[PDB]
Each structure stands twice: as structure tokens, then as C-alpha cells.
> 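Below you will find the structure I want to go over with you.
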Amino acid sequence: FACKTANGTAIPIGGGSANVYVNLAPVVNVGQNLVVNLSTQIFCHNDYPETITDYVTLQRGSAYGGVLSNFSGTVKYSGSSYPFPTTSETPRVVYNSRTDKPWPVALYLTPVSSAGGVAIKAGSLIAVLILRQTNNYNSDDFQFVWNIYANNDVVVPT
Ligand SMILES: OC[C@H]1O[C@H](OCC#Cc2cccnc2)[C@@H](O)[C@@H](O)[C@@H]1O
């Protein structure tokens, strides 16, 4: 089991950390959602499906910077919504193929009444998402830590 991002930076077997840079809608109105879709950004596969089935959760999602200040959030995991920042680990997605399968995560961030102006700065950390991988075979329990950065400013109109 290992993962890779859409621009090809990898986290190998056993886990680790990696930075992910994402384009964001440049303008978002108070009350509307800024959608951050990581399923186009993060892909994983099982290295031994003949024998091992892999289980993958979103263990923790954390908000930083402009996102923690200026937005209210939820996270969708495999189509089901939870509070963001997270208050529990999600149920597990099954990885049973060597095919690259997206990690089914998306953030829905709504600017709050006070947001107005530059609400997220280019280059800033907006989130840290911890993918947790176990299996039905041994004691492996690894963390793949994804640091999510904005590629551009997000403006909330006044
Ligand atoms: O994707 C499956 C497995 O790939 C990796 O393991 C590959 C292996 C093996 C193996 C080979 C022969 C006998 N038993 C296990 C690990 O990332 C492990 O955590 C994971 O469950």
C-alpha cells in the first residue's frame, strides 16, 4: 500500500508525509461553498491484493490559516459528510486492487459572515488530512499525512 499525488510525489509503503498544492475557486461568496476535491489529487493502491485487503480511513482532518478563521466546513468521505475539522475517524474504504484509486475526500468550506476580503492566501496551509491504513493481514497501521496548500488567493466579495 502506497499513495501518490497528481503531480507525481509519492508516499511509499509504511507511510509518511507529503505536500499537496491545489487550485482554489478564486472568488467565493459568504454562504456558498468553496469545494476542495482531493479525489483528483490523491491516489492509492494495494500492493498485494491476492492476499491482503487494505483499509483506509480519514483519521483526522485539520484546518489552518485562512480556512480556520474565515470558513465553516464539512468534509465528505466517500460521499458521506462529517464536521471539518473532524471530530472522529471515518469508516474505512476498501483498497483491494493495484489500480490507482482516488482517496475519496472533499472539503466543503463556506465563508462565514465575517469573511470578506482575501480569505485564504496563496501558499498557505489550509488543511492537514491524515490517511490511516491498516489491513486484514498483519499489525500494519500507517499514517499518510497530506499537507494541503492553496495555490492562489481566495477572495470573498464585500
Ligand atoms: O497493500 C498491501 C500491503 O502492501 C505492503 O505489504 C506488501 C507485502 C507483503 C507480504 C509478502 C509476502 C508475505 N506476506 C506479506 C504494505 O504496505 C502493507 O501494509 C499492505 O497491507
Side-chain angles (χ1 to χ4, degrees), residues 1-26 28 33-110 120-154:
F1 186 87
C3 308
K4 199 195 322 182
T5 67
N7 56 247
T9 61
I11 299 177
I13 282 165
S17 289
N19 293 340
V20 182
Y21 311 94
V22 307
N23 292 324
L24 297 166
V28 177
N33 304 16
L34 167 68
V35 180
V36 194
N37 179 14
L38 287 325
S39 60
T40 54
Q41 298 308 297
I42 298 169
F43 298 79
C44 302
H45 76 273
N46 175 330
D47 280 296
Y48 191 20
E50 290 91 350
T51 296
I52 297 170
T53 295
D54 281 321
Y55 301 124
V56 172
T57 62
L58 175 66
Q59 182 178 7
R60 189 180 290 282
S62 301
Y64 297 91
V67 169
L68 184 64
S69 298
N70 296 316
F71 308 65
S72 71
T74 62
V75 61
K76 220 175 47 175
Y77 194 66
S78 190
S80 293
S81 291
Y82 309 90
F84 177 77
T86 55
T87 52
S88 78
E89 167 174 31
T90 59
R92 61 202 200 169
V93 168
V94 165
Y95 286 73
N96 56 5
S97 173
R98 287 191 176 78
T99 273
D100 282 327
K101 161 182 186 171
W103 189 41
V105 170
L107 302 173
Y108 294 79
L109 310 165
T110 308
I120 298 166
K121 293 251 163 157
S124 71
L125 185 68
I126 60 169
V128 166
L129 307 170
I130 309 178
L131 179 164
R132 180 186 188 178
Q133 173 252 322
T134 54
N135 61 42
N136 66 344
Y137 182 79
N138 63 24
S139 322
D140 291 356
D141 191 328
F142 298 133
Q143 288 182 335
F144 290 73
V145 184
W146 304 100
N147 299 327
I148 316 296
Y149 296 84
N151 279 334
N152 54 279
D153 285 351
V154 181

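The basis for the numbers below is simple: all heavy atoms, side chains too, and nothing from hydrogens, waters or symmetry mates. Residue numbers run from 1 in the order of the sequence given.
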> Of the non-hydrogen atoms in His45 and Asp100, which two are nearest, and what is the gap between them?
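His45 and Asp100 have their closest heavy atoms at ND1-OD1, 3.9 Å.
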> Are there more than 12 heavy atoms of other residues, nucleotides or ligands under 6.0 Å from atom NZ of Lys4?
no
> Kindly determine whether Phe71 and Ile126 satisfy side chain to side chain contact (heavy atoms under 4.5 Å, CB included), including the steps that lead there.
CA-CA 11 Å; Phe71 308 65; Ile126 60 169; over 6 Å; no
> Output side-chain donor-acceptor pairs under 3.5 Å for residues 146-153, partner residues at least two apart or in another chain, one line each.
{"residue": "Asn147", "atom": "ND2", "partner": "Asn19", "partner atom": "OD1", "Å": "3.0"}
{"residue": "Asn151", "atom": "ND2", "partner": "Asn23", "partner atom": "OD1", "Å": "3.3"}
{"residue": "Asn152", "atom": "OD1", "partner": "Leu24", "partner atom": "N", "Å": "2.9"}
{"residue": "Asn152", "atom": "ND2", "partner": "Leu24", "partner atom": "O", "Å": "2.8"}
{"residue": "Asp153", "atom": "OD1", "partner": "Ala122", "partner atom": "N", "Å": "2.7"}

> Rounded to the nearest 0.5 Å, how far does CG of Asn33 lie from OG of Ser72?
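Separation between the atoms: 8.0 Å.
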> Which residues satisfy the salt bridge (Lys or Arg N to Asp or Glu O under 4.0 Å) test with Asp47, sequence neighbours excluded?
none
> Under the side chain to side chain donor-acceptor pair (under 3.5 Å) definition, can you give me all pairs with a residue in residues 35-44, not counting sequence neighbours?
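Counting only pairs at least two positions apart or across chains, the side chain to side chain donor-acceptor pair (under 3.5 Å) contacts touching residues 35-44 are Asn37-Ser39.
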> Side chain to side chain donor-acceptor pair (under 3.5 Å) with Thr5: which residues, sequence neighbours excluded?
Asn7, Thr9
> Start with the C-alpha gap between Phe1 and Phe142, add the side-chain angles, then the distance that decides, and say whether ring pair (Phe, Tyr, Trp, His ring centres under 6.0 Å) holds.
CA-CA 10 Å; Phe1 186 87; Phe142 298 133; 9.0 Å; no
> Which pair of heavy atoms, one from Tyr48 and one from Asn46, lies closest together, and at what distance?
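Heavy atoms only, the tightest pair is N-OD1, 2.7 Å.
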> With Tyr137, which residues qualify under side chain to side chain donor-acceptor pair (under 3.5 Å), at least two apart?
none
> Are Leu58 and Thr86 packed together at the side-chain level, in the sense that at least one heavy-atom pair is separated by less than 4.5 angstrom?
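With C-beta onward as the side chain, the pair touches.
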> Give me the atom names and distance for the closest heavy-atom approach of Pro104 to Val93.
CG-CG2, 4.0 Å
> Check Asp54 against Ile52 and note the closest heavy-atom contact, atom names and distance.
OD1-CG2, 3.9 Å
> Under the rule for salt bridge (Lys or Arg N to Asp or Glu O under 4.0 Å), what residues qualify as partners of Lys121, not counting sequence neighbours?
none
> State, with a plain yes or no, whether a side-chain heavy atom of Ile120 is found less than 4.5 Å away from one of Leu34.
yes
> Can you list the residues that meet the side chain to side chain donor-acceptor pair (under 3.5 Å) rule with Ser62, with sequence neighbours excluded?
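For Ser62, no residue satisfies side chain to side chain donor-acceptor pair (under 3.5 Å) once neighbours in sequence are set aside.
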> Which donor-acceptor pairs under 3.5 Å do side chains of residues 73-84 form with protein atoms, sequence neighbours excluded?
{"residue": "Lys76", "atom": "NZ", "partner": "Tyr108", "partner atom": "OH", "Å": "2.9"}
{"residue": "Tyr77", "atom": "OH", "partner": "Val56", "partner atom": "O", "Å": "2.9"}
{"residue": "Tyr77", "atom": "OH", "partner": "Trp103", "partner atom": "NE1", "Å": "3.0"}

> Of all residues at least two apart in sequence or in a different chain, which pass the side chain to side chain donor-acceptor pair (under 3.5 Å) check with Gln59?
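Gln59 satisfies side chain to side chain donor-acceptor pair (under 3.5 Å) with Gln143 only.
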> How would you list, by chain and number, every residue that makes a side-chain contact (heavy atoms from CB on, under 4.5 Å) with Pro85, sequence neighbours excluded?
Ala63, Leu68
> Would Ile42 and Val105 satisfy side chain to side chain contact (heavy atoms under 4.5 Å, CB included), going step by step from the backbone distance to the final call?
CA-CA 9 Å; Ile42 298 169; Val105 170; over 6 Å; no
> Once disulfide bond (SG atoms under 2.5 Å apart) is applied, what residue pairs with a partner in residues 38-108 remain, sequence neighbours excluded?
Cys3-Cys44
> Please list all pairs passing the salt bridge (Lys or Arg N to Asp or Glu O under 4.0 Å) test where one or both residues lie in residues 137-150, with sequence neighbours left out.
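Applying salt bridge (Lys or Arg N to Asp or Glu O under 4.0 Å) to every pair that reaches into residues 137-150, excluding sequence neighbours, yields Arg132-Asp141.
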